[PDB]
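# An overview of the molecular structure
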There are 2 protein chains.
Amino acid sequence: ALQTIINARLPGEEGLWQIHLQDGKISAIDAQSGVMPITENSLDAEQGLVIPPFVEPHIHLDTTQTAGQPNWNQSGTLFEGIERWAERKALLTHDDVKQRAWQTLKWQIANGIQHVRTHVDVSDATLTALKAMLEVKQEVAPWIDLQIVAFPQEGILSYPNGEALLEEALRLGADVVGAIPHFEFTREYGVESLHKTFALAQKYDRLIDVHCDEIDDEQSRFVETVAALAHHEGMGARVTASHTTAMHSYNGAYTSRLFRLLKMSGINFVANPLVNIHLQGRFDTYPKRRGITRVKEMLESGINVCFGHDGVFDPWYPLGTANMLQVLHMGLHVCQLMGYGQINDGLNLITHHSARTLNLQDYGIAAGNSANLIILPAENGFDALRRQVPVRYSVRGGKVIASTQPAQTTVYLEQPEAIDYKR
Amino acid sequence: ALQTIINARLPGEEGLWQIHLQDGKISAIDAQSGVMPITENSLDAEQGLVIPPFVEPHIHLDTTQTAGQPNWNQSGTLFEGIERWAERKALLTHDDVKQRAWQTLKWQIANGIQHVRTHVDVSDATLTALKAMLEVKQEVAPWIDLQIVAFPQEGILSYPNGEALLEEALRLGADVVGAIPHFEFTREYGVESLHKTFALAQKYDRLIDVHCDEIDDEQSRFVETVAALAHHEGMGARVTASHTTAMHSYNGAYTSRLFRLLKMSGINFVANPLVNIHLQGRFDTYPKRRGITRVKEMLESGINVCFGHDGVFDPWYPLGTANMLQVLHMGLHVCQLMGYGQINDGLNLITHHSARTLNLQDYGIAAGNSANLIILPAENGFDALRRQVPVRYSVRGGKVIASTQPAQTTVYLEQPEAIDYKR
Ligand SMILES: [Fe+3]
Ligand SMILES: [Fe+3]
Ligand SMILES: [Mg+2]
Ligand SMILES: [Mg+2]
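Residues numbered from 1 in each chain as written, not as in the entry; some residues may be left out. Chains lettered and ligands numbered in written order. Part of a larger assembly, values for the part shown. Heavy atoms only, no water.

As annotated in the PDB entry, chain A carries the name Cytosine deaminase and is attributed to Escherichia coli. In its Subunit section, UniProt records this for chain A: "Homohexamer." Under the Sequence similarities heading, UniProt states for chain A: "Belongs to the metallo-dependent hydrolases superfamily. Cytosine deaminase family." (UniProt positions renumbered as here; feature names shortened; annotations may be inferred.)

Take a look at the structure:
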């Protein structure tokens, strides 16, 4: 079994490092003064970057892989997506959900993602997708720690037996309580739904992840209730507000007042760049707003924010290969986090910040932690992002669970020349 | 002792007037048909303007005189002001509060101000500034009638034991119950805080003065709850909404609907021109809004509105000499109350309207009232405002408590010439 990871670069650290492994855990981390020779039981990072696993804090594995079945969304609109999904009703079965979820999960494993939080629609009396996902969670456990959010897609108070179904999902094992206040019939139902969500989270000792203010409505401010209730219960770490795209449209004065509460509350924020740029701003003509939450300001204020892919190859987001560096690339551009350091530190948005969002207790390259880490064939975060590098090796429990042999490009000039896109 | 004030001009009245004094009160007011000779026991207004004392309806004596201690606010922003104030923590003691409050109070006495309403931060378990201010109130009583507002700066529901501390402040003697709904974590806490504020005011029979909607947020409408609760309890006269700067950003239709309630409720409004122009509009780039409440429209509608200085020589407002004519000057310009009559009637904003805001029962040049009055070396309100004249004499209880010998300016042309800035 692997005993050491050598010649590793670490974000924010100078030089090369050696990571000693023992019994599936990291036993020690020592600096090197030069390049170490490879040997049996040693995985050579070859001066590449070693980081804890990529994390997917927000994805919908119950709808993934269905784009084009039976028809494609030609307009690319949310409205048509709903219609196209409805046309696939007959195919939505236990086995179908498991098959599609597993397909995307395999892409995630290949992409060095070892932690995934999937929302699952529980506005379904049969709870078909949930029962399927609970089995998938057990099956994929050796490679990915999957969290399931009981997501009341049609509302808690605005859907028949919505609250009862949400609680049933928790009784069946869902890890996180979801909500969607801006989709409830009224602002009052929205606020009330959050009180019910928090009550359930405290009753069952579960995390919370709200689809919060995902709308270009400057009056959608459910985020303040999410943060206030978290602060009141002293449970910020266990709470997440997903999307908050409405924040992109708030006036600056309210946002400034709100930020004090956001920081004090300690709650987490998830932005989903690929989907947000696609679905937001659809009611604008020109100019058209970007519609992503205030990521840059959150980072400047020390508020934990991270990036999710949200949808993969489905009616609402037709693209994706479940690649976090791709999600990061889009987020850095749309959020204008384009300074060298901002780009280089970008990896935090798809690693450490996301681990905090999932309230992970065993994450990071540190002595005592499980030997879960990935190797990127790049010098630093900037380089990894610029070249959209694959994951050379993914290690879990001290064992390699995925590897990618990089593409080899050659140009035939007066003589053949290898091209690696580095200067 | 003084028996008469002669050769006095009165706002809105033609000619000269004689004000007879007896036992510290105004015994009678008679018109003169010409200039009266001076004599023993007569204070000659010298055809200057005589008015009841200037009033300071909104100031923070607990933070006054601290600008630059230990460091100056270089950016001039609210944010830096908070940081600079926090750096002076070690100096905030009982004696320190009394010393600074007294320094500004002396400037106010010199400026003909005999009525002052100071807010005092009660979001402090030790209530240090409040205990100090209660002593100052007793000490300054011979010269100024000081009202103390128990101001829960950090919120009532959003601060630990906020409500208990607010009530404790009232039990200790605070004259007015304060609140700050737009600073509470949520809109719901904001509305609830007002119900609690009104309940306390009725329980202890105290006045109310809310820091209301002091934010450039078109959705901050706590003023409608303040007015509605006042109307419901039939206590408009005892209620004041300070700032309401958000009203500067409301759409006209809502404002028109709101105004009906504001008038019916009978509540008072305080605008703080010097601070509002400085702190509002800070989240705008260009164009930049003025951010003062709808003073002109309130006056046109018969809604009582007046001006306060708010801050004097502190981290949030670095300037000031506690001069009400200076506050008025700024307000007339920013509110565009620049017509001759609007400027001339401006004195009402710093005298009678402010007296109503403080619910004063002994104010005005009228027989039976205490002999509290000031003399301005000017022909009328317009002249006093244009030339920013000092208070020649301040009389309280029929005794002179302050006097200013005017500056003397001379230009040396072919011959020396006295300049008084009059045409
Ligand atoms: Fe989602
Ligand atoms: Fe104030
Ligand atoms: Mg979605
Ligand atoms: Mg203030």
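On to the coordination of the iron ion (ligand 2). A four-donor tetrahedral metal ideally has 109.5 degree angles, and a six-donor octahedral metal ideally has angles of 90 or 180 degrees. Coordination of the iron ion (ligand 2) by the protein is provided by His 58 of chain B (NE2), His 60 of chain B (NE2) and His 211 of chain B (NE2), with metal-donor distances spanning 2.1 to 2.2 Å. Ordering the donors of the iron ion (ligand 2) by residue number gives the pattern H-x1-H-x150-H. (Donors = N, O, S within 2.8 Å, 3.2 Å for Na, K, Ca; no water.)

The next subject is the relation of the copies chain A and chain B. With an RMSD of 0.0 Å, chain A superimposes on chain B once it is rotated by 120° and translated 0.0 Å along the axis. On this basis, the relationship between the two copies can be described by a three-fold rotation axis. In terms of C-alpha distance to the rotation axis, chain A has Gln 219 of chain A as its closest residue, with the C-alpha 4.5 Å off the axis. Here only 16% of the contact residues of chain A are again contact residues in chain B; the copies associate through non-equivalent surfaces. (Least-squares fit on C-alpha atoms. Contact = heavy atoms within 4.5 Å.)

The sites that carry the UniProt feature "active site" are, in the present numbering, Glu 214 of chain A. Here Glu 214 of chain A is to be found in the loop between strand 10 (207–212) and helix 6 (222–233). (Helix = DSSP H or I, 4+ residues; strand = E, 2+ residues; numbered from the N terminus.)

Attention now goes to the UniProt feature "binding site: substrate" in chain A. Residues and elements named next belong to chain A. Those residues carrying the UniProt feature "binding site: substrate" are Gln 153 and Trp 316 in this numbering. Their sequence span is 164 residues, while the largest C-alpha to C-alpha distance among them is just 14.0 Å; these annotated residues converge on one region. Relative to the helices and strands, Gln 153 is located in the loop between strand 8 (145–151) and helix 4 (162–171). Judged by relative accessible area, which is 28%, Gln 153 ranks as partly exposed. Setting aside anything within four residues of it in sequence, one finds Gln 153 in contact with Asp 121, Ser 123, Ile 180 and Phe 183. Within the fold, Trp 316 resides in the loop between strand 13 (305–307) and helix 10 (324–334). Those residues in contact with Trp 316 that sit more than four places away from it in its chain are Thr 63, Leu 78, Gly 81, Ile 82, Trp 85, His 278 and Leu 279. (Buried < 20%, exposed > 50% of the residue type's maximum accessible area, 1.4 Å probe, protein only.)

So, about the pairing of strand 3 (residues 25–32) of chain A. All names here are of chain A. The pairing of strand 2 (residues 16–22) with strand 3 spans seven bridges and is classified as antiparallel. Across the sheet, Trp 17 pairs through a bridge with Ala 31, a residue of strand 3. Following strand 2, the chain reverses through two residues before pairing antiparallel with strand 3; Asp 23 in that reversal takes a positive phi of roughly 55°. (Pairing = 2+ DSSP bridges.)

Further remarks concern the side chain of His 353 of chain A. Tracing the chain through its elements places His 353 of chain A in helix 12 (residues 352–357). Take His 353 of chain A: its relative accessible area is 19%, and that puts it in the buried class.

The next point concerns the nonpolar core. Counting residues in each nonpolar core, the largest one holds 97 residues, and the members touching the most others are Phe 54, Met 133, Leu 262, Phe 269, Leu 328 and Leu 376 of chain A. Lining this core are residues from two domains, each supplying at least three of them: domain 1 (1–53 + 362–423) and domain 2 (54–361) of chain A. Those residues in contact with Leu 262 of chain A that lie beyond four places of it in its chain are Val 223, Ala 227, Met 247, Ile 267, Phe 269 and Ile 303 of chain A. Within the second largest apolar cluster, 96 residues are counted, among which are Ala 129, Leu 165, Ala 169 and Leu 337 of chain B. (Core = buried A, V, L, I, M, F, W, Y, C linked by side-chain atoms within 4.5 Å. Domains from an automatic or database assignment.)

Next up on the list: helix 5 (residues 187–204) of chain A. Across its 18 residues, helix 5 of chain A extends 26 Å between first and last C-alpha, which sits within 8% of the 26 Å expected from 1.5 Å per residue. Three or more residues of helix 5 of chain A are buried, namely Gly 190, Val 191, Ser 193, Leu 194, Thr 197, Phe 198, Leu 200 and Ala 201 of chain A. Those residues of helix 5 of chain A that are buried lie in contact with helix 4, strand 9 (176–179), strand 10, helix 6 and strand 11 (239–243) of chain A together with helix 5 (187–204) of chain B. In the segment just after helix 5 of chain A, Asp 205 of chain A is the residue with positive phi, at about 55°. (Expected span 1.5 Å × (residues − 1).)

Facing 19 residues of chain A, the contacting portion of chain B comprises 15 residues. Both sides of the chain A and chain B interface together cover about 1,400 Å² of buried area, and 54% of this is carbon and sulfur. In terms of surface lost to chain B, no three residues of chain A exceed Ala 253, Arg 257 and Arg 260 of chain A, which account for 36% of the buried area on that side. Along the contact surface separating chain A from chain B lie three salt bridges. Put simply, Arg 221 of chain A and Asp 217 of chain B hold a salt bridge, and the shortest N to O gap is 2.9 Å. The interface formed by chain A and chain B contains 11 residue pairs in polar contact. Listed by contribution, the elements that provide at least two residues to the side of chain A that touches chain B are helix 5, helix 6 and helix 7 (252–265) of chain A. Examining the composition of the side of chain A that touches chain B, we find that eight residues originate from one element, helix 7 of chain A, more than from any other. Of the residues in the side of chain A that touches chain B, the class split is six nonpolar, seven polar and six charged. (Buried area = accessible area lost by both parts, 1.4 Å probe. Salt bridge = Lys/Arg side-chain N within 4 Å of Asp/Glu carboxyl O. Polar contact = N/O pair within 3.5 Å; in protein donor to acceptor, adjacent residues only side chain to side chain. Nonpolar A, V, L, I, M, F, W, Y, C, P; charged D, E, K, R; others polar.)

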